[PDB]
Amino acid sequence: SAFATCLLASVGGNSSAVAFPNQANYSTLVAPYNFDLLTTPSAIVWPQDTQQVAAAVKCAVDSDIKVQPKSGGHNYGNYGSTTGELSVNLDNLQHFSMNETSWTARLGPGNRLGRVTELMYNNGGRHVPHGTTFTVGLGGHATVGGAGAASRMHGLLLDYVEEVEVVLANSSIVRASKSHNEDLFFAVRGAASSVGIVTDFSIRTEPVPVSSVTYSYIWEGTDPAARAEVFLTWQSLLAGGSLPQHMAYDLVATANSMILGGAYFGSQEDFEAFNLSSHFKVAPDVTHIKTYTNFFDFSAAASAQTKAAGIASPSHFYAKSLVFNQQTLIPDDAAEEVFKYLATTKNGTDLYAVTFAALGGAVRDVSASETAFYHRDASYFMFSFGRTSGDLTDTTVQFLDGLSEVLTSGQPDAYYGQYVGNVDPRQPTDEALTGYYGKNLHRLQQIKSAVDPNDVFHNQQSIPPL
């Protein structure tokens, strides 16, 4: 086809840097993360640099094909491999350099977070707040938000993004920053996937913490009332404002445990002195506290823990998200109903996790309207994850759907955000857009119309032009 010819030329005739349906191994090359929502892109291309990205986009445009990039491939709907669209695989764009005058790093989108973490540490003992899973790609992560262990302390990853290079739908290459193409910069910091392909990032850094203390307190058992009590305490201690601003603080419910976990940036002695578990009516069954003098080790261990938990690998699953704030905190009775629901509902899973992850702190230092990330006044995220041994069934979809309903049952008609970093393809696109972007939606549609009127950069739940 013209498309195939064009697209081979976009990578300089390197036939290893393009793949088409009907090539051997195509479904493996697509590399699904979610194993249920398998896709067949019209082609996959592996550009070497920005120019080849721009060339490949043009090939799609010339053949009336739409485009998504793929960096780490962690999208929960495999949207970076959308069916019938060009998948621009950015695995080759993994450059890294450190400006030691400012400790600002310049990095390609194909860097996965484990490499980002290693290279920032090695280049002068630096880091930036980001997520905990090492296989997440920077390209899709810095462009949605990027919340992790250091976020209460320092904010989102995208709060450290100072400049980007972006390939636009017409194959123009631009830069964006707070001082230049400010509108594009707004959209890239939380909604890049709808407006262009980020081919380079300049990211400010912080010195690593001197001391990083991981904690984990576990309550074992299946009693819904006991579990609700742990949740309610967890929620009220967060809402009360007594927690140290810098400390990561999360609660994970599984079928047989509640795990209060996080990170404290200070001495183990000072952490232990704070006596976090004393606020709970029932003492945890297990406490694990570990100090890391090396921040790379801390980060590697955090990544290894989520992988070991079974919730961080390509798999069959469904997953949903919600944002809660001081105005939508879950009432006592609804929390009781949440844990009753988890206790008795037929779930179809081989594993589930319901994660409550505190935000606040430095995340709130930036206003909702300053970047495309809307949820700045959030108290916490709720992420639900239901893994299955074989193909997903409606049992598990209904399970998570009904869970979101009971979680919001204290105030069913209030606004609830969703994190666009954890896409939920099994809902109306209208509800998704409203959840993902909130009142930033209108401005994003304006920018979409400005930079991509023909909707080249499209997925199931992308921002539509006006």
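One rule holds for the numbers: they count along the sequence shown, beginning at 1.
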According to the deposited model, is the average Cα temperature factor higher in 286-294 or in 184-192? 286-294
Given the B-factors recorded for C-alpha atoms, which segment has the greater mean, 150-158 or 238-246? 238-246
Taking the values straight from the PDB record, which of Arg115, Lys178, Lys320, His141 has the highest C-alpha temperature factor? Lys178
Top residue by Cα temperature factor, when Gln398, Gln52, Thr40, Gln418 are compared in the entry: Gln398
In terms of its chain's C-alpha B-factors, the third that includes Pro47 is the lowest
Third of the chain's Cα B-factor distribution that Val423 belongs to, per the entry: lowest
Rank-wise, by C-alpha B-factor, drop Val61 into the lowest, middle or highest third of its chain. highest
What third of the chain does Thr28 rank in for C-alpha temperature factor, lowest, middle or highest? middle
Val67's Cα B-factor: lowest, middle or highest third of the chain? lowest
